[PDB]
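Engineer: Dropping the structure in here first, questions after.
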Amino acid sequence: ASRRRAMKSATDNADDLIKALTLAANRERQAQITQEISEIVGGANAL
Amino acid sequence: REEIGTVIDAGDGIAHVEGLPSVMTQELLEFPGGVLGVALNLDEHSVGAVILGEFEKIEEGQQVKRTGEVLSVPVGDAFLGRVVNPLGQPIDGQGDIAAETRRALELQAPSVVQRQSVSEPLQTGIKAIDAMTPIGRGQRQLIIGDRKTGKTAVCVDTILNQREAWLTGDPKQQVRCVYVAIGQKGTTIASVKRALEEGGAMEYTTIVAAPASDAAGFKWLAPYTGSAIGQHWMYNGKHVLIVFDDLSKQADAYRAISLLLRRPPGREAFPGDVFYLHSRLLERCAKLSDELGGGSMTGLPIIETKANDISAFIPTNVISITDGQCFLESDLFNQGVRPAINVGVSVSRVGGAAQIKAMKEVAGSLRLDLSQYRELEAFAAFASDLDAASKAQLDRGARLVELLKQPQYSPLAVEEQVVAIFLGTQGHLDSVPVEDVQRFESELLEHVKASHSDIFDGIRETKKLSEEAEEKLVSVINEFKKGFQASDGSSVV
Amino acid sequence: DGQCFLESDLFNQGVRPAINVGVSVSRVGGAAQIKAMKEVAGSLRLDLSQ
Amino acid sequence: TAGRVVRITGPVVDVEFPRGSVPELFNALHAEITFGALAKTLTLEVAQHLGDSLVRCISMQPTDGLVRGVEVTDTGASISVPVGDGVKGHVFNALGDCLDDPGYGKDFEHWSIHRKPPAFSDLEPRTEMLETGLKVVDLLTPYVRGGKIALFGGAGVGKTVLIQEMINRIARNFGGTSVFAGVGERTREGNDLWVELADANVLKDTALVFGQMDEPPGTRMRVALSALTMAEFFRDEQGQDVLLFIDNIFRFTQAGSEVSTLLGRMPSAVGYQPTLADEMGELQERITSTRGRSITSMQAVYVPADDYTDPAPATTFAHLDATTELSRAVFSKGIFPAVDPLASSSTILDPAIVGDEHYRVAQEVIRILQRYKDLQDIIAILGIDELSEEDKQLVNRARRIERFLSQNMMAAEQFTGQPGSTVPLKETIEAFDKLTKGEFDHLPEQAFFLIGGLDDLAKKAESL
Ligand SMILES: Nc1ncnc2c1ncn2[C@@H]1O[C@H](COP(=O)(O)OP(=O)(O)OP(=O)(O)O)[C@@H](O)[C@H]1O
Ligand SMILES: Nc1ncnc2c1ncn2[C@@H]1O[C@H](COP(=O)(O)OP(=O)(O)O)[C@@H](O)[C@H]1O
Ligand SMILES: [Mg+2]
Ligand SMILES: [Mg+2]
């Protein structure tokens, strides 16, 4: 019984960690996209 | 008489010409030494032009003449069994090609009122997609994945599967084949041509190729000439299948040629209009109505992706454009599944009306236990404690997933595919070691071609199965099961 | 022709030199060393990495 | 007709000519530096045509000390290099000047350096086999005679030592001729390689040419063309099997990048030039060997920032066959051959071409390694006891497999202090079949480290 309870708690602890990691990855990807597009447009219009 | 200009600039395959007040857009131009050019950017001062062919033969004193022609290509019916560059010249030394008509590359696609529904089978040799995601005439399917997964093998197998259909003289079943090779190594072109030739299918197919050495911009417009070649037959009540080896390199070439001149860059330095190019290229394939003649064209594009990033610009655009999708995972390829195709996500959006009714019956049963095995794979460790139904589902899923894999350069007939799938889904795989599952059935299949070939003829004629057919099959199965010897001992039911 | 990597984690951990043997190499290797050191030392770097 | 310089800015120069005397593309021009401290003869290569009869040119050697108004002389032809069999056995400059002795071979025949690739009709596939004596290469990524071979990996992985080992393994006892080129390499390596070649008896039949990192960008994108010119002459005229060695071809691309900004070309996604693919394709097409003649070319490429999604390596992957890949994790965990078995493959492997036992063994071992990887991903945290007997058996077998996959090497014996060895192909396949069977489970993994063959396995196991 204790094993059942602990394993359930472990799953309920893992899911939200997955969600937070997904959010962080998404914001990082958006920041990267903005960074390279800004760099390329600046290099292009610097001429 | 004709207007003549000069040259003001030259570099990186770009030339600027001052003059030619009457020039029209996308008009082919002539340069000394037999050099071809294309006008692509007009202006009041001068006009830009990309250089076709020789480059280093350009200076500031050359004279320019206009051909008074927009764009065209000989589209005769003698191109079968020949290799041709995108412009139209034959690469081989076999000699020139007789031609009958000249058509442009910028014709309008058939309208809405000229369309028609799709119900024809368009069978292929790969049993992994026929029963999973049907493909029909005039329908667009895409294959996506990583490098070294095996997509070109599937392409060539589909190409060479049409031998039996071409054998008959019926013009209502013959299918022409067009292959476009873009930005590849010449040795690979030679190898695939040799494979087709030894397969005997070179008599009804054509190849247009542009190797990696074509810096002239030939990589920009190879699919256009391929589609122009196909359309002449497709307007004559004849069925054509066209394959594009790759499209990412086409986009890269367009991006480079745009960046070389002045073009505002968007995401990833891509030029202003990329989606429009692929849309207008891929909207030519269509099943015409009965009034127009009934011809059809079926296209197959190819896209390469990095690190399974299906969220990039070009893959997203192509997925939005296309009509059906198939996915290949390198992890599955390393796992041991030769058809790395992933049944989890690949979906064809047609209604399943293309396929024939028997395989329509069996695919529904296949889907359920495929999903059951996919979901119940985690309990392999504690399989003893599970329920009998769960164990049966797991074993059936294992046998099924073992059944699908096939070796390359081995197309399968539709009767053979139907028989194999029916044998798999009726529980006849019980009491059989999994490994021998790959072997046994094949040998069994051969026996059917030896003494009981009438079943294939009945399936051909009726497109269905009868009670006498199924009882004959079960009798034959019971006969052969005892004859076959297992690799480890023996066991029968 | 050679790199030495120092990470703050090892320095915090309690290793005063604070250098990791995993990604520190030398092109010349045993040629520079005196011979006696060459026989005494041996392939200690590989043992440490293992 | 001389013309004059108008602008000087870094490596790029701007020249003007009288009307009608504008030189064609890819020509060569001469300029003089009169300063006492540094006297040179600048050679300029025209690369951009402009209006008003002005031309943008690139420099070949550093341009410090030049001024305005200096006249320029036109050659009227592209750069040319000496040819013939009388050049081998000497070290040459990028322009062909002999380092060992100036004014040597200047009477030889010299011809063009820029030519078109051959026609498609003469092309022909080449399927063959050649032994190497290395466990990984002979099993997973077999090579081929007359094809192309490349070595991929990041910085600080051990590419140069593998190149030296390969030349020691193959160039020795070879019937034909070998040509080696050095692009953007460490000068110490060039010197010690020259000394090592002089030590043996192969320098009498080898031609060396290379430019160093200290040279301006003009040189870093021209030496490969000279090497290809020499190889093409030898293949076309004398007609024997030849070997070609190129190091860090990626530097060539870098040579363009800076000039791409000076010439006014807009930048690409990662600051690259917009037209890299065309030039690299022209080079790789020039590499090709037609039927009736053989060229065995081996190259090494450098992965920037350990990222495989960079635009440049994609074209290298496209123009290739039978490649090898070096990773960083195996180097970190102390495995000298840094090849990654799960990211390298060869085209030649085929049950019809090579055989069935070889194919089945390779499939079994790669599947076992994949299973070990995705099992370790969880066992690293949940512990060993979380799995069944079969999983633990597979993990142990895989551990022994990656331990045994390493070997001792010729050129690296000084670091280990013990000379290496080579192994036959049949012994390798039999030993790996036995390992897949599961017989060596009674031995410790430490016996499998840095071993060669099976008798050495027995001796080392009995030593403990
Ligand atoms: N069904 C199959 N059975 C066995 N081997 C296969 C099968 N399909 C492909 N292969 C092999 O897998 C490899 C993939 O070759 P292929 O050129 O088709 O790959 P790809 O994913 O299209 O990559 P690319 O076009 O970049 O080379 C080849 O060695 C081929 O022989
Ligand atoms: N078999 C080996 N034995 C010992 N050291 C090796 C071996 N292979 C590689 N190395 C190490 O790799 C280094 C050489 O790396 P190098 O080829 O210069 O990297 P890069 O090609 O990125 O410049 C040497 O310092 C050497 O210690
Ligand atoms: Mg392929
Ligand atoms: Mg190195």
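Chain identifiers are assigned as A, B, and so on, following the order in which chains appear in the structure tokens; residues are numbered from 1 within each chain, and ligands are numbered from 1 in order of appearance.
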I want to know what sits within 6 Å of region 8-20 of chain B, based on only C-alpha atoms, with residues of the same chain fewer than 2 positions away left out; could you give that as an MDAnalysis selection string?
Structural biologist: (chainID B and resid 3 5:6 22:23 46:51 60) or (chainID D and resid 48:51)
Engineer: Please build the interface table for chain A against chain B with a cut-off of 10 Å, listing for each qualifying residue the nearest atom pair and the distance in Å to one decimal; count only C-alpha atoms, order rows by chain and increasing number, and write it as a tab-separated table.
Structural biologist:
residue	atom	partner	partner_atom	distance
A:33	CA	B:267	CA	8.5
A:34	CA	B:267	CA	9.4
A:36	CA	B:268	CA	7.8
A:37	CA	B:267	CA	6.2
A:38	CA	B:267	CA	9.7
A:40	CA	B:269	CA	7.1
A:41	CA	B:265	CA	7.4
A:44	CA	B:265	CA	8.2
A:45	CA	B:264	CA	9.3
Engineer: Next, write the just-selected residues to a file, as a PDB file, in the first residue's frame, keeping N, CA, C and O atoms as the atom set.
Structural biologist:
ATOM      1  N   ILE A  33      14.758  32.833 -31.913  1.00  0.00           N
ATOM      2  CA  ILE A  33      14.262  33.273 -33.216  1.00  0.00           C
ATOM      3  C   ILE A  33      14.370  34.787 -33.335  1.00  0.00           C
ATOM      4  O   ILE A  33      14.870  35.321 -34.338  1.00  0.00           O
ATOM      5  N   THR A  34      13.910  35.499 -32.300  1.00  0.00           N
ATOM      6  CA  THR A  34      14.001  36.955 -32.315  1.00  0.00           C
ATOM      7  C   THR A  34      15.448  37.413 -32.432  1.00  0.00           C
ATOM      8  O   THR A  34      15.749  38.369 -33.159  1.00  0.00           O
ATOM      9  N   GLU A  36      18.181  35.899 -33.825  1.00  0.00           N
ATOM     10  CA  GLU A  36      18.811  35.789 -35.141  1.00  0.00           C
ATOM     11  C   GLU A  36      18.121  36.682 -36.166  1.00  0.00           C
ATOM     12  O   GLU A  36      18.789  37.227 -37.054  1.00  0.00           O
ATOM     13  N   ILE A  37      16.798  36.856 -36.072  1.00  0.00           N
ATOM     14  CA  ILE A  37      16.153  37.721 -37.054  1.00  0.00           C
ATOM     15  C   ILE A  37      16.609  39.166 -36.873  1.00  0.00           C
ATOM     16  O   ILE A  37      16.859  39.879 -37.855  1.00  0.00           O
ATOM     17  N   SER A  38      16.766  39.611 -35.623  1.00  0.00           N
ATOM     18  CA  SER A  38      17.278  40.955 -35.379  1.00  0.00           C
ATOM     19  C   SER A  38      18.689  41.104 -35.928  1.00  0.00           C
ATOM     20  O   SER A  38      19.016  42.108 -36.575  1.00  0.00           O
ATOM     21  N   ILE A  40      20.204  39.424 -38.369  1.00  0.00           N
ATOM     22  CA  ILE A  40      20.283  39.401 -39.826  1.00  0.00           C
ATOM     23  C   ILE A  40      19.711  40.684 -40.416  1.00  0.00           C
ATOM     24  O   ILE A  40      20.263  41.229 -41.380  1.00  0.00           O
ATOM     25  N   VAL A  41      18.615  41.203 -39.853  1.00  0.00           N
ATOM     26  CA  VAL A  41      18.052  42.430 -40.408  1.00  0.00           C
ATOM     27  C   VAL A  41      18.989  43.609 -40.160  1.00  0.00           C
ATOM     28  O   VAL A  41      19.134  44.492 -41.016  1.00  0.00           O
ATOM     29  N   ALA A  44      21.773  43.346 -42.654  1.00  0.00           N
ATOM     30  CA  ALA A  44      21.301  43.662 -43.997  1.00  0.00           C
ATOM     31  C   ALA A  44      21.139  45.165 -44.191  1.00  0.00           C
ATOM     32  O   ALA A  44      21.621  45.728 -45.180  1.00  0.00           O
ATOM     33  N   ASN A  45      20.468  45.837 -43.255  1.00  0.00           N
ATOM     34  CA  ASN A  45      20.201  47.259 -43.434  1.00  0.00           C
ATOM     35  C   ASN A  45      21.359  48.147 -42.999  1.00  0.00           C
ATOM     36  O   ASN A  45      21.278  49.367 -43.174  1.00  0.00           O
TER      37      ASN A  45
END
Engineer: Please return, as a VMD selection string, all residues of region 1-208 of chain D that DSSP assigns to strand (DSSP E) on the basis of the backbone.
Structural biologist: chain D and resid 4 to 9 12 to 16 28 to 32 41 to 49 54 to 59 73 to 74 81 to 82 91 to 92 110 to 111 148 to 152 177 to 185 206 to 208
Engineer: Could you give me, as a list in words, the residues within 7 Å of region 42-49 of chain C, counting only C-alpha atoms and dropping anything in the same chain fewer than 4 positions from it?
Structural biologist: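 Those residues are residues 21, 22 and 38 of chain C; 333, 334 and 416 of chain D.
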Engineer: What is the CA of residue 332 (chain D)-CA of residue 23 (chain C) distance in Å, reported with one decimal?
Structural biologist: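 Pair CA of residue 332 (chain D) / CA of residue 23 (chain C) returns 6.4 Å.
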Engineer: Neighbouring residues of residue 344 (chain B) were defined as those with any atom within 12 Å, considering only C-alpha atoms; residues of the same chain fewer than 4 positions away were excluded. Please report them as a count of residues only.
Structural biologist: 15
Engineer: Find the nearest atom pair between each residue of chain D and ligand 3 for residues within 12 Å, count only C-alpha atoms and all ligand atoms, give distances in Å to one decimal, sort rows by chain and ascending number, and present the table as a tab-separated table.
Structural biologist:
residue	atom	partner	partner_atom_place_in_ligand_line	distance
D:317	CA	ligand 3	1 (Mg)	11.4
D:318	CA	ligand 3	1 (Mg)	9.8
D:320	CA	ligand 3	1 (Mg)	11.9
D:321	CA	ligand 3	1 (Mg)	11.1
D:346	CA	ligand 3	1 (Mg)	11.9
D:347	CA	ligand 3	1 (Mg)	9.9
Engineer: Can I get the residues close to ligand 2 as a CSV table (one decimal) with C-alpha atoms, in the first residue's frame, where close means within 8 Å and we count only C-alpha atoms and all ligand atoms?
Structural biologist:
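New file result09.csv:
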chain,number,residue,atom,x,y,z
C,1,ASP,CA,48.5,22.5,-28.8
C,2,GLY,CA,46.8,21.7,-25.5
C,25,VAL,CA,45.0,17.0,-23.1
C,26,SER,CA,48.5,17.7,-24.4
C,27,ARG,CA,49.7,17.2,-28.0
C,28,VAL,CA,53.4,16.7,-27.2
C,29,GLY,CA,52.7,14.3,-24.3
D,153,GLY,CA,34.0,15.6,-35.7
D,154,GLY,CA,34.5,18.7,-33.5
D,155,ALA,CA,37.6,20.4,-32.2
D,156,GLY,CA,40.1,18.7,-29.9
D,157,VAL,CA,39.0,15.1,-30.7
D,158,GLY,CA,42.1,13.5,-32.4
D,159,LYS,CA,41.6,13.9,-36.2
D,160,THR,CA,45.3,14.5,-37.1
D,161,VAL,CA,46.6,11.4,-35.3
D,162,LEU,CA,44.0,9.3,-37.3
D,302,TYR,CA,35.8,20.3,-38.7
D,336,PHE,CA,40.7,6.6,-28.0
D,337,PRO,CA,38.8,5.9,-31.3
D,338,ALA,CA,36.1,8.5,-30.9
D,407,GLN,CA,42.4,-0.6,-30.0
D,408,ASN,CA,46.0,0.5,-29.8
D,409,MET,CA,47.4,2.6,-32.6
D,411,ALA,CA,51.3,6.8,-34.4
D,412,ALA,CA,50.0,7.1,-30.8
D,413,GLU,CA,52.3,4.4,-29.3
D,415,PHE,CA,51.7,8.2,-25.4
D,416,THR,CA,50.9,4.6,-24.4
Engineer: Counting only C-alpha atoms, a student should be able to say which residues of chain D come within 7 Å of chain B; what is the right answer, written as a VMD selection string?
Structural biologist: chain D and resid 25 48 to 51 120 to 121 123 to 125 265 to 266 268 to 269 274 to 275 278 281 to 282 285 309 319 367 388
Engineer: Restricting it to C-alpha atoms, dump the selection as a short mmCIF file (atom, residue, chain, number, x, y, z; two decimals), in the first residue's frame.
Structural biologist:
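Wrote it out as result-v2.cif, contents follow:
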data_model
loop_
_atom_site.label_atom_id
_atom_site.label_comp_id
_atom_site.auth_asym_id
_atom_site.auth_seq_id
_atom_site.Cartn_x
_atom_site.Cartn_y
_atom_site.Cartn_z
CA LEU D 25 37.83 37.26 -64.85
CA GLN D 48 34.50 41.46 -59.32
CA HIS D 49 33.63 43.48 -62.42
CA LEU D 50 32.18 46.94 -61.75
CA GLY D 51 31.08 49.94 -63.77
CA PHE D 120 28.18 12.78 -67.16
CA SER D 121 28.58 9.99 -69.72
CA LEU D 123 30.77 8.61 -64.91
CA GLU D 124 30.48 5.09 -63.49
CA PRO D 125 29.71 3.67 -60.04
CA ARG D 265 27.25 40.51 -50.52
CA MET D 266 24.35 40.36 -48.05
CA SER D 268 22.94 34.51 -44.84
CA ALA D 269 21.25 32.97 -41.79
CA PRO D 274 24.88 33.23 -49.91
CA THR D 275 26.72 31.11 -52.50
CA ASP D 278 27.64 26.13 -55.58
CA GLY D 281 29.68 21.45 -55.31
CA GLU D 282 32.08 22.58 -58.03
CA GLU D 285 32.55 17.47 -58.70
CA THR D 309 22.72 21.60 -37.80
CA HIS D 319 28.52 15.03 -51.33
CA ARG D 367 20.47 -2.89 -32.11
CA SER D 388 14.52 -7.93 -15.37
#
Engineer: Quick one: distance from CA of residue 352 (chain B) to CA of residue 135 (chain B) in Å, one decimal?
Structural biologist: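 That distance, rounded to one decimal, is 8.6 Å.
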Engineer: If the limit is 7 Å from any atom of ligand 1, counting only C-alpha atoms and all ligand atoms, which residues qualify? Return them as a list in words.
Structural biologist: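 Counting only C-alpha atoms and all ligand atoms, the residues within 7 Å of ligand 1 come out as residues 146, 147, 148, 149, 150, 151, 152, 153, 338, 339, 406, 407 and 408 of chain B; 318 and 347 of chain D.
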Engineer: Going by DSSP on the backbone, which residues of chain C come out as alpha helix (DSSP H)? List them as a ChimeraX atom specification.
Structural biologist: /C:8-13,35-41,44-49
Engineer: Would you list the contacts of residue 345 (chain D) as a VMD selection string, taking every protein, DNA or RNA residue within 9 Å and counting only C-alpha atoms, but skipping same-chain residues closer than 5 positions in sequence?
Structural biologist: (chain B and resid 148) or (chain D and resid 140 to 142 321 to 324)
Engineer: Just N, CA, C and O atoms for this one: save the residues we selected as an mmCIF file, in the first residue's frame.
Structural biologist:
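Dumped to selection03.cif:
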data_model
loop_
_atom_site.group_PDB
_atom_site.id
_atom_site.type_symbol
_atom_site.label_atom_id
_atom_site.label_comp_id
_atom_site.auth_asym_id
_atom_site.auth_seq_id
_atom_site.Cartn_x
_atom_site.Cartn_y
_atom_site.Cartn_z
ATOM 1 N N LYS B 148 19.505 9.262 -44.594
ATOM 2 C CA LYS B 148 19.832 7.843 -44.490
ATOM 3 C C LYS B 148 18.726 7.028 -43.834
ATOM 4 O O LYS B 148 19.010 6.081 -43.094
ATOM 5 N N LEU D 140 31.809 -1.676 -39.270
ATOM 6 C CA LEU D 140 30.615 -0.846 -39.345
ATOM 7 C C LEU D 140 30.574 0.018 -40.595
ATOM 8 O O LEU D 140 29.522 0.137 -41.228
ATOM 9 N N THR D 141 31.697 0.626 -40.966
ATOM 10 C CA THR D 141 31.767 1.532 -42.109
ATOM 11 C C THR D 141 32.907 1.092 -43.015
ATOM 12 O O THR D 141 33.979 1.712 -43.030
ATOM 13 N N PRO D 142 32.715 0.019 -43.779
ATOM 14 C CA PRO D 142 33.762 -0.414 -44.708
ATOM 15 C C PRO D 142 34.016 0.637 -45.776
ATOM 16 O O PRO D 142 33.117 1.377 -46.179
ATOM 17 N N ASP D 321 30.076 9.563 -49.234
ATOM 18 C CA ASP D 321 29.691 8.166 -49.085
ATOM 19 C C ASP D 321 30.703 7.481 -48.177
ATOM 20 O O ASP D 321 31.894 7.803 -48.209
ATOM 21 N N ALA D 322 30.211 6.551 -47.356
ATOM 22 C CA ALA D 322 31.055 5.799 -46.424
ATOM 23 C C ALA D 322 31.818 6.733 -45.486
ATOM 24 O O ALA D 322 33.049 6.800 -45.507
ATOM 25 N N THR D 323 31.079 7.466 -44.661
ATOM 26 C CA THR D 323 31.667 8.454 -43.771
ATOM 27 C C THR D 323 31.824 7.904 -42.354
ATOM 28 O O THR D 323 31.254 6.876 -41.984
ATOM 29 N N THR D 324 32.622 8.614 -41.557
ATOM 30 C CA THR D 324 32.831 8.315 -40.150
ATOM 31 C C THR D 324 32.623 9.582 -39.329
ATOM 32 O O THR D 324 32.856 10.697 -39.802
#
